[PDB]
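**Student:** Would you mind keeping the following structure in view while I ask a few things?
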4 protein chains.
Amino acid sequence: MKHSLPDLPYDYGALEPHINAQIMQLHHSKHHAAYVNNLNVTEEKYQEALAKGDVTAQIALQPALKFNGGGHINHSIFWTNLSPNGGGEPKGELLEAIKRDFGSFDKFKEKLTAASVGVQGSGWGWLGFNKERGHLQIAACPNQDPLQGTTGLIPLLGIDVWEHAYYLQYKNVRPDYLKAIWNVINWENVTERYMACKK
Amino acid sequence: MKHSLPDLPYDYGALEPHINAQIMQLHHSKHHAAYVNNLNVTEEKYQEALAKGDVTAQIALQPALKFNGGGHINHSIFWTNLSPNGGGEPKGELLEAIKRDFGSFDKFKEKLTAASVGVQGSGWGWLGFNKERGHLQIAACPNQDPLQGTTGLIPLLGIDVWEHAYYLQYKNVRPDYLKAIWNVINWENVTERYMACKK
Amino acid sequence: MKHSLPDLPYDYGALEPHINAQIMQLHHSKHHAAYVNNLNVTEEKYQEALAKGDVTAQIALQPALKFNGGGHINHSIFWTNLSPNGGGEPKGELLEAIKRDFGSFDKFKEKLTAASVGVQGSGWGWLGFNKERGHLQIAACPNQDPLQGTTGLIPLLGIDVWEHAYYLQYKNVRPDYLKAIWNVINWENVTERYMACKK
Amino acid sequence: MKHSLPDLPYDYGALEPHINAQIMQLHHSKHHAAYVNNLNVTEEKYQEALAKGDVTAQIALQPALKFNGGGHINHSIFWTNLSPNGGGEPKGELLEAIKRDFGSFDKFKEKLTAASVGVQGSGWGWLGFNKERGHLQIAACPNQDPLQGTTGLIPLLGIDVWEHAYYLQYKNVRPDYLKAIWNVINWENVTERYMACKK
Ligand SMILES: [Mn+3]
Ligand SMILES: [Mn+3]
Ligand SMILES: [Mn+3]
Ligand SMILES: [Mn+3]
C-alpha cells in the first residue's frame with residue numbers, strides 16, 4: 001500500500017522559541033521517518049502471512065504493526081496540531097464543547113496537562129471525541145498506541161510526551177514543555193477535526 | 001483460504017473417566033468451532049483493511065485476531081496432545097531432555113502443574129522448546145495468547161486451564177483436573193513435536 | 001485487621017430458576033472464600049515486606065493482592081446487587097440518570113450486555129459512576145481487577161462473566177446467562193450505591 | 001522506612017567521553033532523586049491504606065509503587081554497574097558461564113545489545129540469573145518494572161535505554177549509546193552479583 005513520510009507544513013524552526021529547530025528536525029526526519037519505514041516492512045510481511053494463513057506469524061507481527069503504525073498515525077496528526085499561526089484559545093462550537101464538558105477552557109488546559117505530565121514512561125496525551133456518548137474526552141496512550149485504534153475515540157489534539165519530544169530543550173522538566181506547547185497549538189486544525197465528527 | 005475445525009482423533013467419550021464426554025463435546029463442537037468461524041471472519045476484515053492501508057482498522061482488529069486465532073491454534077494442538085492410549089511416561093530423547101532440564105519426570109510434572117494452577121483467570125500452561133537456547137521451557141499464557149506467536153517457544157504440550165475445560169466435572173478444584181489429565185497425555189505426539197525441533 | 005466473607009442476604013436457592021443453587025453455593029462458599037483467605041495471607045506478607053522496606057517483595061506481591069483483593073471486592077458487591085425480589089426497572093433519580101446518559105433503560109441494558117459478553121476470557125461488566133464528569137459509565141474489567149481501584153469509577157452494578165458464574169447452568173451460551181440475570185437485579189441496592197455518590 | 005538517594009561512587013564526569021557529565025548529573029540528581037522521593041510518599045500512603053484494610057487504595061497505589069520503586073531499584077543497580085575502571089571482558093567463572101550459556105562473550109554482547117535496542121519505548125535490558133534453572137538469561141523490562149520483582153531473575157547487569165539516558169549525547173542513535181557503554185561496564189561488580197547467586 002506504501003505509507004509515506006508527510007512533508008511538514010512549515011519550517012523546522014517555525015515553532016521557536018517554544019520548540020527549537022533541532023527537536024523538530026530530529027523528530028520529523030529521524031523518528032517519524034523510522035516509523036514509516038518499519039511500518040511498510042511490517043505491512044508487507046503481514047500480507048505474506050495472511051496469504052499463507054499463517055496465524056502464528058500474524059500474531060508475532062502485532063507489536064511491530066501497532067508500534068510503528070501508531071507512530072506513523074500519531075506523528076502525522078501531531079504535525080497538523082501545531083502551527084506558527086497557533087496559540088490562544090479556540091472559538092465557535094469547539095470552545096462551547098470545551099465549556100460544557102470541562103467547565104472552562106482553563107480547566108480543560110489543567111486536565112490535559114495533568115494527563116500528559118502523568119504518563120509513566122513514553123506515551124501521548126489526547127483530547128478525543130466519544131462518538132457513542134457525544135462529548136469530549138481526555139485520554140492517555142502508552143508508547144505509540146494510537147487513540148482511535150485502541151480506544152475508539154476520535155483524535156482531536158495530541159501531545160507527544162516521549163522524552164525525544166522535549167529533552168534537548170527542557171531536559172527532565174516535562175511541565176515546562178507542556179506549558180510552552182500551548183503557544184503553538186493549531187486550534188484551526190483541532191476545530192476541523194471536531195466538526196468532521198459532527199453530522 | 002480457510003482455516004477448518006479439525007476432527008477429533010477419538011470418540012468424545014474416549015477420555016473417560018479422566019475427562020467426561022460432555023466436556024469434550026462442548027469444548028470441541030462449541031468452543032473451538034466458534035474460534036475458527038470468528039477467525040475466518042476476522043481474517044477477511046483484515047484483508048480489506050490491509051488492502052486499503054487502513055492502519056487504524058488493522059490495529060483495532062488485533063485483539064480479535066489474537067483471541068480467535070490463538071484459540072484455534074491452542075485447541076488444535078490440545079486435541080493431538082491427548083489420547084485414550086496415553087498416560088505413563090515418555091521414552092527416547094524426550095525423557096532424557098526432561099530429566100536434563102528438570103531433574104526428573106516427576107519434578108517436570110510438578111513444575112508444569114504449578115504453572116497451570118497458578119494462572120489467574122483463563123489461560124494455558126505449556127511445555128515449550130527454546131530453539132535459541134536448545135532446551136525445554138515451561139511457560140504460561142493468558143486467555144488464548146498462543147505460545148509461539150507471543151513468546152517464540154515451540155509448543156510441545158499444552159494444558160487448557162480455562163474454566164470451561166474442567167468445571168463441569170471438577171468444579172473449582174483445578175488441581176483435581178490437573179492430576180487426571182496426566183493419564184491421557186499423548187506422549188507419542190509430544191515426542192513427534194519435540195523431534196520436529198531436532199535436526 | 002481481618003477481611004471477612006460476608007453472609008449472603010438470601011438463601012442459596014433464592015435466585016432460581018435464573019441462577020441455580022449449586023452455582024450460588026459454589027460461587028460463595030468456595031470461590032469467594034478462597035479470595036478472602038488468600039487476601040488475608042497476602043496482606044500479612046505485604047506488612048512484613050513493607051516493614052522491612054523490601055521494594056522487590058512489595059512489587060512481587062502485587063498480582064496476588066490485586067487478584068484476591070479484587071476478587072473479594074467484586075464478589076461482595078455482586079451479592080448485594082442481586083435479590084429474589086429484584087428485576088424490573090429502577091425508579092427515581094437512577095432511572096432518569098440512565099435515560100439521560102444512555103437514551104433509555106433498554107439501550108443501557110444492551111450496552112452493559114454487549115460489554116459483558118465482549119469480555120475475552122474472565123472478567124466483569126460494570127455500571128459505574130464518574131465522579132469527575134458526574135455521569136454514568138459502562139466499563140469492563142479483566143479477571144478480578146476491581147473497578148474503583150483500577151479506573152476510578154464508583155461501582156454501581158457488576159456482572160460476573162467468569163465462566164464459573166454460569167457454566168454449570170448455561171454452558172457456553174453467555175448471552176443466555178446475561179438475559180436471565182436482569183430478572184434478579186437488586187435495583188434498590190444499585191439506587192443506594194448511586195445516591196451515595198450524590199450529595 | 002525511608003529510602004535515600006545513594007551517593008555516586010565516582011565523579012559525574014568520570015565516564016567521559018562514553019557518557020558525558022551532563023547526562024550523569026541529570027540522571028542521578030534529577031531522575032533518580034524523583035523516583036526516591038515519590039517512592040517514599042507512595043510507601044507512606046500504602047502503610048495507611050494497609051492499616052485501614054482499604055483494598056481499593058492499596059490497588060490504586062500499585063502503579064506508582066512499581067514505577068517509582070522500580071526506578072529506585074534499577075538506577076541504584078545501574079550506578080554500581082558502571083565505573084571509570086570498567087570496560088574489557090570479565091574473568092573467572094562469570095566468563096565461563098557466559099561461554100556456556102551464550103556460546104561466546106561476543107555472542108552475549110550481540111544478544112544483550114539486540115534486547116536493549118529492541119525495547120519499544122522506555123525500558124531496560126538485563127543480564128539476569130535464573131536460580132531455578134541455574135543459568136544466565138537475558139530479559140527486557142518495560143518502563144521501570146524491576147527485573148527480580150517481575151520475573152524472578154537476579155539482576156547482574158542492567159542497561160538503561162530510556163531516552164533520558166543517552167539522548168543529549170547520542171540523539172536518536174540508540175546503537176551508538178549501546179556500543180559506547182561496554183567501555184565503562186564494571187565487570188567486578190557484575191561478578192560479585194553473580195557469585196552472590198552461587199552457593
Ligand atoms: Mn515523537
Ligand atoms: Mn479451551
Ligand atoms: Mn466470580
Ligand atoms: Mn534512567
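Letters for chains follow the order of the C-alpha cells (A, B, ...), residue numbers begin at 1 for each chain, and ligand numbers begin at 1 in the order shown.
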Could you list, as a short mmCIF file (atom, residue, chain, number, x, y, z; two decimals) with N, CA, C and O atoms, in the first residue's frame, all residues that come within 12 Å of ligand 1? Count only C-alpha atoms and all ligand atoms.
**Tutor:**
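Produced file pocket-v3.cif, reproduced below:
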```cif
data_model
loop_
_atom_site.label_atom_id
_atom_site.label_comp_id
_atom_site.auth_asym_id
_atom_site.auth_seq_id
_atom_site.Cartn_x
_atom_site.Cartn_y
_atom_site.Cartn_z
N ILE A 23 14.98 19.90 17.67
CA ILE A 23 13.99 18.89 18.06
C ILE A 23 13.07 18.58 16.89
O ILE A 23 12.82 17.41 16.56
N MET A 24 12.55 19.62 16.23
CA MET A 24 11.66 19.42 15.09
C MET A 24 12.33 18.64 13.97
O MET A 24 11.73 17.73 13.39
N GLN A 25 13.59 18.97 13.66
CA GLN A 25 14.29 18.27 12.59
C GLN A 25 14.51 16.81 12.94
O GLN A 25 14.27 15.92 12.11
N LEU A 26 14.96 16.53 14.17
CA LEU A 26 15.15 15.15 14.59
C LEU A 26 13.82 14.41 14.69
O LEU A 26 13.71 13.25 14.26
N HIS A 27 12.80 15.05 15.26
CA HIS A 27 11.51 14.39 15.45
C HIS A 27 10.89 13.99 14.11
O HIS A 27 10.32 12.90 13.99
N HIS A 28 11.00 14.85 13.10
CA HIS A 28 10.40 14.57 11.80
C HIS A 28 11.30 13.69 10.94
O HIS A 28 10.90 12.62 10.49
N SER A 29 12.54 14.14 10.69
CA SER A 29 13.40 13.49 9.72
C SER A 29 14.06 12.22 10.23
O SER A 29 14.63 11.47 9.43
N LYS A 30 13.99 11.93 11.53
CA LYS A 30 14.60 10.73 12.09
C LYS A 30 13.56 9.82 12.74
O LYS A 30 13.41 8.67 12.33
N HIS A 31 12.84 10.31 13.75
CA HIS A 31 11.91 9.47 14.49
C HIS A 31 10.72 9.05 13.62
O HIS A 31 10.43 7.85 13.48
N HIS A 32 10.02 10.02 13.03
CA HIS A 32 8.85 9.70 12.22
C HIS A 32 9.24 8.89 10.98
O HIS A 32 8.53 7.95 10.61
N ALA A 33 10.35 9.25 10.34
CA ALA A 33 10.81 8.51 9.17
C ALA A 33 11.05 7.04 9.50
O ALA A 33 10.76 6.16 8.69
N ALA A 34 11.59 6.76 10.69
CA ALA A 34 11.82 5.38 11.09
C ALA A 34 10.51 4.62 11.26
O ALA A 34 10.42 3.44 10.90
N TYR A 35 9.48 5.28 11.80
CA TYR A 35 8.19 4.63 11.98
C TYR A 35 7.58 4.25 10.64
O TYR A 35 7.04 3.15 10.49
N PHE A 67 3.16 -0.58 17.03
CA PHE A 67 4.15 0.40 17.44
C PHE A 67 4.51 1.34 16.29
O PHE A 67 4.49 2.57 16.45
N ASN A 68 4.84 0.78 15.13
CA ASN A 68 5.25 1.61 14.00
C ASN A 68 4.06 2.22 13.28
O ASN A 68 4.13 3.36 12.82
N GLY A 70 1.15 2.94 14.80
CA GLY A 70 0.74 4.01 15.70
C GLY A 70 1.67 5.20 15.66
O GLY A 70 1.23 6.35 15.70
N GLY A 71 2.98 4.94 15.59
CA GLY A 71 3.94 6.03 15.49
C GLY A 71 3.71 6.88 14.25
O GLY A 71 3.85 8.11 14.30
N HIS A 72 3.35 6.25 13.14
CA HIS A 72 3.03 6.99 11.92
C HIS A 72 1.75 7.79 12.09
O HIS A 72 1.69 8.98 11.74
N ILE A 73 0.70 7.15 12.61
CA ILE A 73 -0.58 7.84 12.80
C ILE A 73 -0.43 9.01 13.75
O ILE A 73 -0.86 10.14 13.46
N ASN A 74 0.17 8.77 14.92
CA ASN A 74 0.23 9.80 15.96
C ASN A 74 1.04 11.01 15.50
O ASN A 74 0.63 12.16 15.73
N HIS A 75 2.18 10.77 14.86
CA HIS A 75 3.05 11.88 14.47
C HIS A 75 2.48 12.65 13.28
O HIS A 75 2.72 13.85 13.15
N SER A 76 1.72 11.98 12.41
CA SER A 76 1.11 12.68 11.29
C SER A 76 0.01 13.62 11.76
O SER A 76 -0.20 14.69 11.18
N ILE A 77 -0.71 13.23 12.82
CA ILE A 77 -1.66 14.14 13.46
C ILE A 77 -0.93 15.25 14.20
O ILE A 77 -1.36 16.41 14.20
N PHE A 78 0.19 14.90 14.85
CA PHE A 78 0.91 15.86 15.68
C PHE A 78 1.37 17.08 14.88
O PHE A 78 1.26 18.22 15.35
N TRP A 79 1.91 16.86 13.68
CA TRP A 79 2.39 17.98 12.88
C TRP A 79 1.26 18.93 12.52
O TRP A 79 1.45 20.16 12.52
N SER A 122 7.02 6.43 28.12
CA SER A 122 6.69 7.07 26.85
C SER A 122 5.19 6.95 26.59
O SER A 122 4.57 5.94 26.92
N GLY A 123 4.62 7.99 26.00
CA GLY A 123 3.21 7.96 25.68
C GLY A 123 2.72 9.26 25.08
O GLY A 123 3.51 10.09 24.63
N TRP A 124 1.40 9.42 25.09
CA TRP A 124 0.73 10.56 24.48
C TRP A 124 -0.44 10.99 25.35
O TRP A 124 -1.11 10.16 25.97
N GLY A 125 -0.69 12.29 25.38
CA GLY A 125 -1.92 12.85 25.93
C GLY A 125 -2.81 13.30 24.79
O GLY A 125 -2.34 13.94 23.84
N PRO A 142 -0.13 4.71 25.99
CA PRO A 142 1.27 4.37 26.20
C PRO A 142 2.02 4.17 24.89
O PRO A 142 1.46 3.73 23.88
N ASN A 143 3.31 4.51 24.93
CA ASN A 143 4.22 4.31 23.80
C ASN A 143 3.68 4.94 22.52
O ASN A 143 3.51 6.16 22.46
N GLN A 144 3.40 4.13 21.50
CA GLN A 144 2.85 4.63 20.25
C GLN A 144 1.45 4.08 19.97
O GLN A 144 0.99 4.13 18.83
N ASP A 145 0.78 3.54 20.99
CA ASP A 145 -0.59 3.07 20.82
C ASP A 145 -1.48 4.21 20.34
O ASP A 145 -1.60 5.23 21.03
N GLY A 158 -3.27 16.06 20.10
CA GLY A 158 -2.33 15.14 20.72
C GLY A 158 -1.09 15.85 21.20
O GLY A 158 -0.60 16.78 20.56
N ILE A 159 -0.57 15.40 22.34
CA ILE A 159 0.64 15.95 22.94
C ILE A 159 1.63 14.80 23.10
O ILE A 159 1.40 13.87 23.87
N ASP A 160 2.74 14.87 22.36
CA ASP A 160 3.79 13.87 22.45
C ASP A 160 4.61 14.12 23.72
O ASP A 160 5.23 15.18 23.86
N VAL A 161 4.61 13.16 24.63
CA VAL A 161 5.40 13.27 25.85
C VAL A 161 6.50 12.21 25.91
O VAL A 161 7.04 11.94 26.97
N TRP A 162 6.82 11.60 24.77
CA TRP A 162 8.09 10.91 24.65
C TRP A 162 9.23 11.87 24.98
O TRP A 162 9.16 13.06 24.68
N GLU A 163 10.28 11.34 25.60
CA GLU A 163 11.38 12.21 26.02
C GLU A 163 12.08 12.84 24.82
O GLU A 163 12.63 13.94 24.94
N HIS A 164 12.05 12.19 23.66
CA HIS A 164 12.65 12.78 22.47
C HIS A 164 11.92 14.03 22.00
O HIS A 164 12.46 14.78 21.18
N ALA A 165 10.71 14.28 22.50
CA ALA A 165 9.93 15.44 22.07
C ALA A 165 10.30 16.72 22.81
O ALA A 165 9.83 17.79 22.42
N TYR A 166 11.11 16.65 23.87
CA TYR A 166 11.38 17.85 24.65
C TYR A 166 12.74 17.87 25.35
O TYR A 166 13.17 18.92 25.81
N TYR A 167 13.41 16.72 25.43
CA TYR A 167 14.55 16.61 26.35
C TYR A 167 15.71 17.51 25.94
O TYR A 167 16.41 18.05 26.80
N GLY D 121 9.78 1.93 23.23
CA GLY D 121 9.51 2.89 24.27
C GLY D 121 10.58 2.90 25.34
O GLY D 121 11.76 2.67 25.05
N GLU D 163 15.13 7.24 26.99
CA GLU D 163 15.75 8.25 26.13
C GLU D 163 16.55 9.26 26.94
O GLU D 163 17.52 9.83 26.43
N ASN D 172 18.97 10.18 18.55
CA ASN D 172 18.11 9.03 18.30
C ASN D 172 18.88 7.74 18.06
O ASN D 172 18.25 6.69 17.91
#
```
**Student:** I need the contact residues of chain D against chain C, so if you could list those with any atom within 8 Å, counting only C-alpha atoms, and return them as a PyMOL selection string, that would help.
**Tutor:** chain D and resi 1-3+43+47+50-53+55-60+62+65-66+69-70+73+146+148-150
**Student:** I want to know what sits within 10 Å of residue A:89, based on only C-alpha atoms, with residues of the same chain fewer than 4 positions away left out; could you give that as a list in words?
**Tutor:**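 Here the qualifying residues turn out to be residues 94, 95, 105, 106, 182, 183, 185, 186 and 187 of chain A.
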**Student:** Please, what distance in Å, to one decimal, runs between atom CA of residue A:36 and atom CA of residue A:113?
**Tutor:**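 Between atom CA of residue A:36 and atom CA of residue A:113 the gap works out to 28.2 Å.
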**Student:** DSSP on the backbone: what in stretch 28-164 of chain B comes out strand (DSSP E), as JSON, numbers by chain?
**Tutor:** {"B": [123, 124, 125, 126, 127, 128, 129, 130, 135, 136, 137, 138, 139, 140, 141, 142, 154, 155, 156, 157, 158, 159, 160]}
**Student:** Considering only helix (DSSP H, G or I) as DSSP defines it on the backbone, what residues of stretch 32-92 of chain C qualify? List them as a ChimeraX atom specification.
**Tutor:** /C:32-52,55-60,62-80,92
**Student:** Within 8 Å of stretch 131-140 of chain A, counting only C-alpha atoms, which residues qualify if same-chain residues fewer than 3 places away don't, as a list in words?
**Tutor:** residues 97, 98, 101, 111, 112, 115, 116, 119, 123, 124, 125, 126, 127, 128, 153, 154 and 197 of chain A; 101 and 102 of chain C
**Student:** Could you jot down the atom CA of residue C:103 to atom CA of residue C:86 separation for me, Å, one decimal place?
**Tutor:**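 Pair atom CA of residue C:103 / atom CA of residue C:86 returns 22.5 Å.
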**Student:** Would you compute the distance between atom CA of residue C:19 and atom CA of residue C:184? Give it in Å to one decimal.
**Tutor:**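 These atoms are spaced 8.9 Å apart.
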**Student:** Name all residues at most 12 Å from residue D:93 (count only C-alpha atoms; drop same-chain ones fewer than 5 positions away) and give them as a CSV table (one decimal) with N, CA and C atoms, in the first residue's frame.
**Tutor:**
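Output below, filename out.csv:
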```
chain,number,residue,atom,x,y,z
D,98,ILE,N,29.2,-17.2,30.8
D,98,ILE,CA,28.8,-16.6,29.6
D,98,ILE,C,29.1,-17.5,28.4
D,99,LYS,N,30.3,-18.1,28.4
D,99,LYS,CA,30.6,-19.0,27.3
D,99,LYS,C,29.6,-20.2,27.2
D,100,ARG,N,29.2,-20.8,28.3
D,100,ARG,CA,28.4,-22.0,28.3
D,100,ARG,C,26.9,-21.6,27.8
D,136,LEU,N,22.4,-18.3,33.0
D,136,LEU,CA,22.2,-16.9,32.7
D,136,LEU,C,21.1,-16.7,31.8
D,190,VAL,N,29.6,-6.9,38.5
D,190,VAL,CA,28.8,-7.9,37.9
D,190,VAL,C,29.2,-9.3,38.4
D,191,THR,N,30.5,-9.5,38.5
D,191,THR,CA,30.9,-10.8,39.1
D,191,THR,C,30.5,-11.0,40.5
D,192,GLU,N,30.5,-9.9,41.3
D,192,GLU,CA,30.1,-10.0,42.7
D,192,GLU,C,28.7,-10.4,42.8
D,194,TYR,N,27.0,-12.1,40.6
D,194,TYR,CA,26.9,-13.5,40.1
D,194,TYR,C,27.3,-14.5,41.2
D,195,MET,N,28.4,-14.2,41.9
D,195,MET,CA,28.9,-15.1,42.9
D,195,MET,C,27.9,-15.1,44.1
D,198,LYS,N,25.6,-17.9,43.4
D,198,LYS,CA,26.2,-19.2,43.6
D,198,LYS,C,26.2,-19.5,45.1
```
